[PDB]
>>> print(open('data.txt').read())   # compact mmCIF, C-alpha atoms
# COMPACT_ATOMS: atom_id res chain seq x y z
CA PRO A 1 0.00 0.00 0.00
CA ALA A 2 2.95 2.31 0.91
CA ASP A 3 4.68 0.77 -2.22
CA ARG A 4 1.53 1.29 -4.46
CA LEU A 5 1.09 4.97 -3.41
CA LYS A 6 4.82 5.77 -3.91
CA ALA A 7 4.76 4.02 -7.38
CA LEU A 8 1.62 6.08 -8.37
CA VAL A 9 3.16 9.46 -7.22
CA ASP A 10 6.68 8.67 -8.65
CA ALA A 11 5.15 7.69 -12.05
CA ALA A 12 3.13 10.98 -12.08
CA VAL A 13 6.00 13.28 -10.87
CA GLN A 14 9.34 11.87 -12.10
CA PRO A 15 8.73 12.13 -15.91
CA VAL A 16 7.31 15.70 -15.55
CA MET A 17 10.17 16.89 -13.28
CA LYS A 18 12.56 15.45 -15.93
CA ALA A 19 10.78 16.95 -19.01
CA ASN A 20 10.34 20.42 -17.35
CA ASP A 21 13.86 20.48 -15.72
CA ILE A 22 12.28 21.07 -12.23
CA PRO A 23 15.03 21.02 -9.57
CA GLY A 24 12.71 20.44 -6.56
CA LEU A 25 9.09 19.40 -6.07
CA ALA A 26 7.04 18.66 -2.91
CA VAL A 27 3.80 16.56 -3.04
CA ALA A 28 1.38 16.47 -0.06
CA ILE A 29 -1.77 14.27 -0.25
CA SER A 30 -4.74 14.08 2.16
CA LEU A 31 -6.35 10.60 1.72
CA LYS A 32 -9.37 9.82 4.00
CA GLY A 33 -7.90 12.01 6.83
CA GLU A 34 -4.28 10.68 6.52
CA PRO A 35 -1.41 12.90 5.21
CA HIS A 36 1.24 11.51 2.79
CA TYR A 37 4.39 13.42 1.68
CA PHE A 38 6.61 12.80 -1.36
CA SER A 39 9.65 15.13 -1.72
CA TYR A 40 11.87 15.16 -4.87
CA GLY A 41 15.20 16.77 -5.76
CA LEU A 42 16.70 20.04 -4.56
CA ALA A 43 15.39 23.20 -2.84
CA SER A 44 18.76 24.74 -3.92
CA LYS A 45 21.03 23.28 -6.67
CA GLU A 46 23.90 25.65 -5.59
CA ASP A 47 24.15 24.33 -1.97
CA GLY A 48 22.52 20.85 -2.49
CA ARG A 49 19.75 21.43 0.17
CA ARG A 50 16.98 18.85 -0.45
CA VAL A 51 13.19 19.47 -0.67
CA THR A 52 11.20 18.26 2.42
CA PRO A 53 7.53 18.79 3.38
CA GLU A 54 8.85 21.82 5.39
CA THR A 55 10.63 23.53 2.42
CA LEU A 56 9.05 27.01 1.77
CA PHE A 57 7.91 27.70 -1.82
CA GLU A 58 6.33 30.81 -3.45
CA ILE A 59 2.71 29.84 -4.37
CA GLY A 60 1.86 33.04 -6.37
CA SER A 61 -1.90 33.18 -7.24
CA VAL A 62 -2.67 30.30 -4.78
CA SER A 63 -2.30 33.24 -2.30
CA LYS A 64 -5.76 34.39 -3.61
CA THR A 65 -7.44 31.47 -1.67
CA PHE A 66 -5.94 32.93 1.59
CA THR A 67 -7.14 36.42 0.49
CA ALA A 68 -10.64 34.91 -0.13
CA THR A 69 -10.53 33.32 3.38
CA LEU A 70 -9.85 36.78 5.02
CA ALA A 71 -12.79 38.22 2.97
CA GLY A 72 -14.92 35.22 4.15
CA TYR A 73 -14.01 36.19 7.74
CA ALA A 74 -15.08 39.88 7.15
CA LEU A 75 -18.37 38.53 5.60
CA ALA A 76 -18.86 36.25 8.71
CA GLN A 77 -18.27 39.31 10.99
CA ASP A 78 -20.84 41.40 8.90
CA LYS A 79 -18.04 43.98 8.21
CA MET A 80 -18.83 43.80 4.45
CA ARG A 81 -21.33 42.19 1.99
CA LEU A 82 -20.27 41.00 -1.52
CA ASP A 83 -22.93 43.32 -3.07
CA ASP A 84 -21.35 46.41 -1.27
CA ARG A 85 -20.08 49.14 -3.66
CA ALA A 86 -16.21 49.03 -3.49
CA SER A 87 -15.99 52.81 -2.66
CA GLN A 88 -17.99 52.07 0.56
CA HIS A 89 -14.79 50.71 2.24
CA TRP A 90 -12.31 53.39 0.95
CA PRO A 91 -13.32 57.11 0.99
CA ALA A 92 -10.55 58.01 -1.53
CA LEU A 93 -12.55 55.95 -4.12
CA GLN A 94 -15.87 57.91 -3.54
CA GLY A 95 -16.68 59.80 -6.79
CA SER A 96 -14.79 57.16 -8.90
CA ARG A 97 -16.22 54.32 -11.07
CA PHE A 98 -15.77 52.10 -7.94
CA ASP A 99 -19.10 53.70 -6.78
CA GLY A 100 -20.65 51.41 -9.49
CA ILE A 101 -18.51 48.23 -8.87
CA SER A 102 -19.31 45.53 -6.21
CA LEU A 103 -16.82 43.63 -4.01
CA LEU A 104 -18.08 40.43 -5.82
CA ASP A 105 -17.07 41.92 -9.26
CA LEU A 106 -13.55 42.66 -7.84
CA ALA A 107 -13.23 39.15 -6.20
CA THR A 108 -14.39 37.36 -9.42
CA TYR A 109 -12.55 39.53 -12.06
CA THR A 110 -15.78 41.08 -13.60
CA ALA A 111 -15.29 44.77 -12.58
CA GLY A 112 -15.03 45.63 -16.35
CA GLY A 113 -11.47 44.99 -17.65
CA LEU A 114 -9.07 45.77 -14.78
CA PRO A 115 -5.84 44.48 -16.40
CA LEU A 116 -3.73 41.34 -15.61
CA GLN A 117 -1.10 43.55 -13.80
CA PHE A 118 -0.88 47.13 -12.50
CA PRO A 119 0.96 49.09 -15.19
CA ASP A 120 4.78 49.38 -14.61
CA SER A 121 4.20 53.15 -13.95
CA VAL A 122 2.35 52.04 -10.72
CA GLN A 123 4.97 51.29 -8.00
CA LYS A 124 4.41 49.55 -4.59
CA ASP A 125 3.28 52.90 -3.07
CA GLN A 126 -0.14 53.46 -1.43
CA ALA A 127 -0.66 56.95 -3.10
CA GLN A 128 0.20 55.59 -6.61
CA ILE A 129 -2.24 52.68 -5.97
CA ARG A 130 -4.99 55.09 -4.69
CA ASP A 131 -4.54 57.38 -7.81
CA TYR A 132 -4.50 54.40 -10.27
CA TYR A 133 -7.92 53.19 -8.96
CA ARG A 134 -9.33 56.77 -8.80
CA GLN A 135 -8.64 57.40 -12.54
CA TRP A 136 -9.58 53.86 -13.72
CA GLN A 137 -12.54 53.49 -16.18
CA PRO A 138 -14.12 50.17 -17.29
CA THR A 139 -13.91 48.90 -20.92
CA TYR A 140 -17.34 47.14 -20.49
CA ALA A 141 -20.20 46.79 -17.96
CA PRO A 142 -19.30 45.35 -14.54
CA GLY A 143 -20.58 41.77 -14.10
CA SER A 144 -20.31 40.91 -17.85
CA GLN A 145 -16.71 39.73 -18.67
CA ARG A 146 -14.13 37.76 -16.63
CA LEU A 147 -10.58 39.18 -17.11
CA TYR A 148 -7.99 37.64 -14.71
CA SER A 149 -6.60 40.71 -12.83
CA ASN A 150 -4.18 41.26 -9.90
CA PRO A 151 -5.45 44.87 -9.48
CA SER A 152 -9.04 43.38 -9.23
CA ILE A 153 -8.57 40.70 -6.51
CA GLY A 154 -5.82 42.90 -4.90
CA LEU A 155 -8.43 45.65 -4.36
CA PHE A 156 -10.88 42.95 -3.10
CA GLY A 157 -8.36 41.89 -0.38
CA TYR A 158 -7.32 45.47 0.51
CA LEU A 159 -11.03 46.49 0.94
CA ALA A 160 -11.86 43.33 2.99
CA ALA A 161 -8.91 44.41 5.24
CA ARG A 162 -10.25 48.05 5.43
CA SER A 163 -13.69 46.64 6.46
CA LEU A 164 -11.87 45.02 9.47
CA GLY A 165 -9.92 48.24 10.34
CA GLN A 166 -6.38 46.73 9.97
CA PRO A 167 -3.74 46.38 7.23
CA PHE A 168 -4.08 43.27 5.03
CA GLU A 169 -0.63 41.78 5.96
CA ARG A 170 -1.24 42.29 9.75
CA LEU A 171 -4.66 40.49 9.62
CA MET A 172 -3.24 37.57 7.59
CA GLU A 173 -0.33 37.08 10.08
CA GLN A 174 -2.13 37.91 13.38
CA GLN A 175 -5.60 36.34 12.71
CA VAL A 176 -5.92 34.21 9.50
CA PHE A 177 -2.74 32.03 9.75
CA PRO A 178 -3.14 31.31 13.54
CA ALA A 179 -6.89 30.50 13.11
CA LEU A 180 -5.97 27.95 10.36
CA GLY A 181 -3.15 26.40 12.53
CA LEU A 182 -0.47 27.54 9.97
CA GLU A 183 3.01 28.30 11.51
CA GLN A 184 5.01 27.69 8.25
CA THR A 185 2.94 30.16 6.16
CA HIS A 186 4.36 33.68 5.56
CA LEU A 187 3.82 36.92 3.63
CA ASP A 188 7.27 38.00 4.93
CA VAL A 189 9.56 35.03 5.63
CA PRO A 190 11.22 35.51 9.05
CA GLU A 191 15.07 35.56 8.94
CA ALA A 192 14.88 32.45 11.22
CA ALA A 193 13.06 30.42 8.51
CA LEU A 194 15.25 31.57 5.53
CA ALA A 195 17.17 28.20 5.52
CA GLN A 196 13.78 26.47 4.60
CA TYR A 197 13.15 28.95 1.68
CA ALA A 198 13.79 27.13 -1.67
CA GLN A 199 15.60 28.93 -4.52
CA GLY A 200 13.49 29.67 -7.68
CA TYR A 201 14.75 28.80 -11.24
CA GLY A 202 13.74 31.02 -14.22
CA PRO A 203 7.97 43.83 -4.77
CA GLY A 204 4.71 44.94 -6.47
CA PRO A 205 1.55 46.96 -5.71
CA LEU A 206 -0.90 44.83 -3.59
CA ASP A 207 1.50 41.82 -4.07
CA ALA A 208 0.44 40.42 -0.62
CA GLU A 209 -3.24 40.16 -1.74
CA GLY A 210 -2.46 38.50 -5.14
CA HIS A 211 0.95 36.72 -4.98
CA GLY A 212 2.33 37.12 -1.41
CA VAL A 213 2.30 33.69 0.35
CA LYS A 214 5.32 31.42 0.98
CA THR A 215 4.44 28.06 2.54
CA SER A 216 5.49 24.39 2.81
CA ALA A 217 3.69 21.37 1.29
CA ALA A 218 2.75 20.30 4.88
CA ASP A 219 1.21 23.75 5.77
CA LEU A 220 -0.64 24.06 2.42
CA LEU A 221 -2.17 20.54 2.99
CA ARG A 222 -3.23 21.74 6.51
CA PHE A 223 -5.13 24.59 4.64
CA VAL A 224 -6.62 22.02 2.15
CA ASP A 225 -7.67 19.88 5.18
CA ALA A 226 -9.41 22.99 6.65
CA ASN A 227 -11.12 23.52 3.27
CA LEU A 228 -12.24 19.82 3.32
CA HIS A 229 -13.59 20.13 6.95
CA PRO A 230 -14.49 23.76 7.79
CA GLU A 231 -16.80 22.36 10.59
CA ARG A 232 -13.66 21.41 12.62
CA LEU A 233 -12.78 25.15 13.02
CA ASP A 234 -14.31 27.76 15.38
CA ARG A 235 -17.56 29.03 13.77
CA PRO A 236 -16.36 32.43 12.41
CA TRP A 237 -13.54 30.57 10.52
CA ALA A 238 -15.85 27.67 9.48
CA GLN A 239 -18.06 30.36 7.82
CA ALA A 240 -14.99 32.11 6.31
CA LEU A 241 -13.91 28.84 4.51
CA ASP A 242 -17.54 28.08 3.34
CA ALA A 243 -17.68 31.56 1.69
CA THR A 244 -14.76 30.34 -0.55
CA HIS A 245 -16.95 27.30 -1.59
CA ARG A 246 -19.66 29.36 -3.42
CA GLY A 247 -19.82 29.48 -7.25
CA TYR A 248 -21.10 32.68 -8.97
CA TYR A 249 -20.80 32.04 -12.75
CA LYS A 250 -19.31 29.63 -15.34
CA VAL A 251 -16.66 30.12 -18.07
CA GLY A 252 -16.54 26.84 -20.06
CA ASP A 253 -16.18 23.90 -17.60
CA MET A 254 -15.06 26.23 -14.71
CA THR A 255 -17.32 27.67 -11.90
CA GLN A 256 -15.70 30.78 -10.35
CA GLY A 257 -15.72 31.07 -6.53
CA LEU A 258 -13.82 33.40 -4.18
CA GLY A 259 -10.19 32.33 -4.94
CA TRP A 260 -11.14 28.67 -5.79
CA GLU A 261 -12.07 27.55 -9.35
CA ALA A 262 -14.32 24.42 -9.59
CA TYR A 263 -14.93 21.62 -12.16
CA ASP A 264 -17.33 18.66 -12.20
CA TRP A 265 -15.51 15.45 -11.14
CA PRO A 266 -14.96 13.29 -13.04
CA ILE A 267 -13.85 15.36 -16.08
CA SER A 268 -11.22 14.70 -18.83
CA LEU A 269 -7.58 15.79 -18.16
CA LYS A 270 -7.72 17.85 -21.41
CA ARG A 271 -10.79 19.85 -20.09
CA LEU A 272 -9.03 20.43 -16.68
CA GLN A 273 -5.94 21.61 -18.65
CA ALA A 274 -8.09 23.95 -20.87
CA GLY A 275 -9.71 25.46 -17.70
CA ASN A 276 -6.13 26.24 -16.44
CA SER A 277 -4.72 27.40 -19.84
CA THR A 278 -3.02 30.67 -20.95
CA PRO A 279 -6.16 32.01 -22.77
CA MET A 280 -8.10 31.70 -19.43
CA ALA A 281 -5.41 33.88 -17.73
CA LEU A 282 -4.90 36.35 -20.60
CA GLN A 283 -8.22 36.88 -22.51
CA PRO A 284 -11.63 38.22 -21.40
CA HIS A 285 -14.53 35.68 -21.38
CA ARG A 286 -18.31 36.29 -21.28
CA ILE A 287 -19.68 34.70 -18.05
CA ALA A 288 -22.84 32.57 -17.71
CA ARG A 289 -24.14 33.91 -14.34
CA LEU A 290 -25.85 31.22 -12.20
CA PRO A 291 -29.52 31.74 -11.11
CA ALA A 292 -28.22 31.76 -7.49
CA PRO A 293 -24.77 31.03 -5.96
CA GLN A 294 -23.93 27.25 -6.02
CA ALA A 295 -22.36 25.22 -3.15
CA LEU A 296 -18.94 23.97 -4.40
CA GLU A 297 -18.97 20.49 -2.78
CA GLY A 298 -19.78 16.83 -3.65
CA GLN A 299 -18.64 15.54 -7.10
CA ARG A 300 -16.38 18.55 -7.82
CA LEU A 301 -12.67 19.38 -8.06
CA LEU A 302 -11.77 22.78 -6.56
CA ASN A 303 -8.31 23.98 -7.70
CA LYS A 304 -5.92 26.92 -8.00
CA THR A 305 -2.64 27.38 -9.94
CA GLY A 306 -0.06 30.00 -8.86
CA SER A 307 3.31 31.14 -10.22
CA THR A 308 6.10 33.64 -9.47
CA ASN A 309 9.47 34.04 -11.27
CA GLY A 310 11.12 30.74 -10.32
CA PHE A 311 8.08 28.90 -8.81
CA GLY A 312 4.98 26.92 -9.89
CA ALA A 313 2.26 25.76 -7.44
CA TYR A 314 -0.95 23.70 -7.80
CA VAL A 315 -3.57 22.76 -5.15
CA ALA A 316 -6.74 20.66 -5.80
CA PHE A 317 -9.33 18.94 -3.55
CA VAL A 318 -12.53 16.88 -4.07
CA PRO A 319 -14.94 17.67 -1.19
CA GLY A 320 -17.20 14.60 -1.76
CA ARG A 321 -14.15 12.22 -1.58
CA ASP A 322 -12.18 13.82 1.37
CA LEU A 323 -9.23 13.90 -1.13
CA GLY A 324 -6.64 16.75 -1.21
CA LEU A 325 -3.42 17.44 -3.13
CA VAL A 326 -0.55 20.00 -3.08
CA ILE A 327 2.25 20.25 -5.74
CA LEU A 328 4.91 22.95 -5.03
CA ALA A 329 7.95 23.33 -7.35
CA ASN A 330 10.86 25.83 -7.68
CA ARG A 331 10.31 26.25 -11.45
CA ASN A 332 7.44 28.10 -13.14
CA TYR A 333 6.56 25.08 -15.39
CA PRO A 334 3.37 25.02 -17.55
CA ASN A 335 -0.06 24.73 -15.79
CA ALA A 336 -0.89 21.84 -18.26
CA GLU A 337 1.98 19.83 -16.64
CA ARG A 338 0.98 20.61 -13.02
CA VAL A 339 -2.53 19.35 -13.88
CA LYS A 340 -0.99 16.28 -15.64
CA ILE A 341 0.71 15.27 -12.33
CA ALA A 342 -2.37 16.06 -10.22
CA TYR A 343 -4.78 14.13 -12.53
CA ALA A 344 -2.59 10.93 -12.51
CA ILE A 345 -2.51 11.02 -8.64
CA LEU A 346 -6.26 11.82 -8.22
CA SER A 347 -7.18 9.17 -10.92
CA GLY A 348 -4.92 6.61 -9.14
CA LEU A 349 -6.80 7.39 -5.86
>>> encode(input="data.txt", output="structure tokens")
Amino acid sequence: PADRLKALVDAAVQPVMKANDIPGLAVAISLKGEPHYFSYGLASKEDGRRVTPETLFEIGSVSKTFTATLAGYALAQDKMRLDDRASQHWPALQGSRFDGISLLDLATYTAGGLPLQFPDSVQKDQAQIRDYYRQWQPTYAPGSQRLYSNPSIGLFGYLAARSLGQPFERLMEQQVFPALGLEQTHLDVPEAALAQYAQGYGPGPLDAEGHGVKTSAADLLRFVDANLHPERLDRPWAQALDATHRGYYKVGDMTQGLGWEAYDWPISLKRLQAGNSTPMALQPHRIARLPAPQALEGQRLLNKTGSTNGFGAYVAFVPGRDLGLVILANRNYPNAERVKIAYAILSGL
């Protein structure tokens, strides 16, 4: 059984690490309440430090699930509603087009064509960020087109933080990470933990909200286990995780939630790859809005990809099978390949 599971995970990982020249990769699996770790290759090629389940990786956009969890907590505390106008939570935006844009539109990339990235002219400076949003004008009606945007979910996280009266980074570190039991999860890696921080193989406005998290395979599986069993947490945090398990609209095979993206399970590998493809990141898509928000549970795969320069992360879980998976690597390798690994493991289980 130990031999079967290792053969399954090796067969999924080893060829893809080889073909994508990935130095280091950490797998964490939650199987009917039991964790299993598979660690491959090197956290650093230069000093020969090996990947373990405690190695810290950059998870890029997977950070948006943490961001969605903080928002879920502000919703649970009645500090904000998803149908609030964005300018409600930041006076500097009153008079701007954010008077006409909901928190939901920001969270789900439908505010009306906020771009993939802040322009280069916008530096990590609160005043530059304020002025960017004040002058911004939509290309099309809010609620109509999905365009993947860091400025969009960045503003969602920043405003959720404003609704709670504290800076985003403080809330994440002081409240969110402790409430989820996560001591190896960081927006700002302590000097003491730097030896665990993997090297990547190849500081922005609202980077914390969009791309900020560094974590280990073991900590990210703790978060997936929380997502699989919100009822085991204290009630405010149970409610915060459930708010990330609500679907608002569909693009193709994908139902958009807060942070999480959902598919019917089973589904072909090719359709899971197409949901996670470059056109989904880079092009606008007309949404099919659902009659009412749908519970993202049962026969479904919830997933998120995330990348920085040097790093490539993937997380997926199947609520109705108590099945969870984490794949962290120190190369930004194609999403199609991350999903290839994940699908072989989830198929094999």
>>> residues_around(input="data.txt", residues="residue 335 of chain A", least_positions_apart="5", cutoff="8 Å", atoms="all atoms listed in the file", output="number ranges by chain")
A: 273, 276-277, 305
>>> residues_around(input="data.txt", residues="residue 286 of chain A", least_positions_apart="2", cutoff="8 Å", atoms="only C-alpha atoms", output="PyMOL selection string")
chain A and resi 144-146+251+284+288
>>> closest_residue(input="data.txt", among="A:343, A:66, A:177, A:156", to="residue 84 of chain A", atoms="all atoms listed in the file")
A:156
>>> residues_around(input="data.txt", residues="residue 346 of chain A", least_positions_apart="4", cutoff="9 Å", atoms="all atoms listed in the file", output="list in words")
residues 323, 324, 325, 341 and 342 of chain A
>>> atom_distance(input="data.txt", atom1="atom CA of residue 298 of chain A", atom2="atom CA of residue 348 of chain A")
18.9 Å
>>> closest_residue(input="data.txt", among="A:92, A:193, A:159, A:116", to="residue 134 of chain A", atoms="all atoms listed in the file")
A:92
>>> atom_distance(input="data.txt", atom1="atom CA of residue 319 of chain A", atom2="atom CA of residue 297 of chain A")
5.2 Å
>>> atom_distance(input="data.txt", atom1="atom CA of residue 241 of chain A", atom2="atom CA of residue 69 of chain A")
5.7 Å
>>> closest_residue(input="data.txt", among="A:17, A:70, A:152, A:236", to="residue 170 of chain A", atoms="all atoms listed in the file")
A:70
>>> closest_residue(input="data.txt", among="A:15, A:306, A:1, A:190", to="residue 36 of chain A", atoms="all atoms listed in the file")
A:1
>>> residues_around(input="data.txt", residues="residue 316 of chain A", least_positions_apart="2", cutoff="8 Å", atoms="only C-alpha atoms", output="list in words")
residues 301, 302, 303, 304, 314, 318, 324, 325, 326 and 342 of chain A
>>> decode(input="data.txt", residues="segment 35-59 of chain A", atoms="N, CA, C and O atoms", output="CSV table (one decimal), in the first residue's frame")
chain,number,residue,atom,x,y,z
A,35,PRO,N,-2.4,12.2,6.1
A,35,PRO,CA,-1.4,12.9,5.2
A,35,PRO,C,-0.3,12.0,4.7
A,35,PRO,O,0.2,11.1,5.4
A,36,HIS,N,0.1,12.2,3.5
A,36,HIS,CA,1.2,11.5,2.8
A,36,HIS,C,2.1,12.5,2.1
A,36,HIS,O,1.6,13.3,1.3
A,37,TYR,N,3.4,12.5,2.3
A,37,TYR,CA,4.4,13.4,1.7
A,37,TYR,C,5.4,12.7,0.8
A,37,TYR,O,5.8,11.6,1.1
A,38,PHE,N,5.6,13.2,-0.4
A,38,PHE,CA,6.6,12.8,-1.4
A,38,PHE,C,7.4,14.0,-1.7
A,38,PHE,O,6.8,15.0,-2.2
A,39,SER,N,8.7,14.0,-1.5
A,39,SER,CA,9.6,15.1,-1.7
A,39,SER,C,10.7,14.7,-2.7
A,39,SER,O,11.1,13.5,-2.6
A,40,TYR,N,11.0,15.5,-3.7
A,40,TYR,CA,11.9,15.2,-4.9
A,40,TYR,C,12.9,16.3,-5.0
A,40,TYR,O,12.6,17.5,-5.0
A,41,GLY,N,14.2,15.9,-5.2
A,41,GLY,CA,15.2,16.8,-5.8
A,41,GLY,C,15.5,17.9,-4.8
A,41,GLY,O,15.3,17.7,-3.5
A,42,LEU,N,15.9,19.0,-5.3
A,42,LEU,CA,16.7,20.0,-4.6
A,42,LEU,C,15.9,21.3,-4.4
A,42,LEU,O,15.4,21.9,-5.4
A,43,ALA,N,15.9,21.8,-3.2
A,43,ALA,CA,15.4,23.2,-2.8
A,43,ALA,C,16.4,24.2,-3.4
A,43,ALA,O,16.0,25.3,-3.9
A,44,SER,N,17.7,23.9,-3.3
A,44,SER,CA,18.8,24.7,-3.9
A,44,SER,C,19.8,23.8,-4.6
A,44,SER,O,20.3,22.9,-3.9
A,45,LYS,N,20.0,24.0,-5.9
A,45,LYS,CA,21.0,23.3,-6.7
A,45,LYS,C,22.4,23.7,-6.2
A,45,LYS,O,23.3,22.9,-6.0
A,46,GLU,N,22.6,25.0,-6.0
A,46,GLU,CA,23.9,25.6,-5.6
A,46,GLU,C,24.4,25.0,-4.3
A,46,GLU,O,25.6,24.6,-4.3
A,47,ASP,N,23.6,24.9,-3.2
A,47,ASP,CA,24.2,24.3,-2.0
A,47,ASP,C,23.6,22.9,-1.7
A,47,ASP,O,23.9,22.4,-0.6
A,48,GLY,N,22.9,22.3,-2.6
A,48,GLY,CA,22.5,20.9,-2.5
A,48,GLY,C,21.5,20.6,-1.4
A,48,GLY,O,21.4,19.4,-1.0
A,49,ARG,N,20.8,21.6,-0.9
A,49,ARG,CA,19.7,21.4,0.2
A,49,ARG,C,18.6,20.7,-0.5
A,49,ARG,O,18.1,21.2,-1.6
A,50,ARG,N,18.0,19.7,0.1
A,50,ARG,CA,17.0,18.8,-0.5
A,50,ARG,C,15.6,19.4,-0.1
A,50,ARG,O,15.4,19.9,1.0
A,51,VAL,N,14.6,19.2,-1.0
A,51,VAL,CA,13.2,19.5,-0.7
A,51,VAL,C,12.7,18.5,0.4
A,51,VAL,O,13.0,17.3,0.3
A,52,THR,N,12.0,19.0,1.4
A,52,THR,CA,11.2,18.3,2.4
A,52,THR,C,9.8,18.8,2.4
A,52,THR,O,9.5,19.8,1.8
A,53,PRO,N,8.9,18.2,3.2
A,53,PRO,CA,7.5,18.8,3.4
A,53,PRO,C,7.5,20.1,4.1
A,53,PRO,O,6.5,20.8,4.2
A,54,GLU,N,8.7,20.6,4.6
A,54,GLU,CA,8.9,21.8,5.4
A,54,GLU,C,9.5,22.9,4.5
A,54,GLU,O,9.6,24.1,5.0
A,55,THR,N,10.0,22.5,3.3
A,55,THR,CA,10.6,23.5,2.4
A,55,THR,C,9.5,24.6,2.1
A,55,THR,O,8.4,24.2,1.8
A,56,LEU,N,9.9,25.9,2.2
A,56,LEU,CA,9.1,27.0,1.8
A,56,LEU,C,9.2,27.3,0.3
A,56,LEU,O,10.3,27.4,-0.3
A,57,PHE,N,8.0,27.3,-0.4
A,57,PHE,CA,7.9,27.7,-1.8
A,57,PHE,C,7.0,28.9,-1.9
A,57,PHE,O,6.1,29.1,-1.1
A,58,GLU,N,7.3,29.7,-3.0
A,58,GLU,CA,6.3,30.8,-3.4
A,58,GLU,C,5.2,30.1,-4.2
A,58,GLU,O,5.4,29.2,-4.9
A,59,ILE,N,3.9,30.5,-3.8
A,59,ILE,CA,2.7,29.8,-4.4
A,59,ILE,C,2.0,30.8,-5.3
A,59,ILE,O,1.0,30.3,-5.9
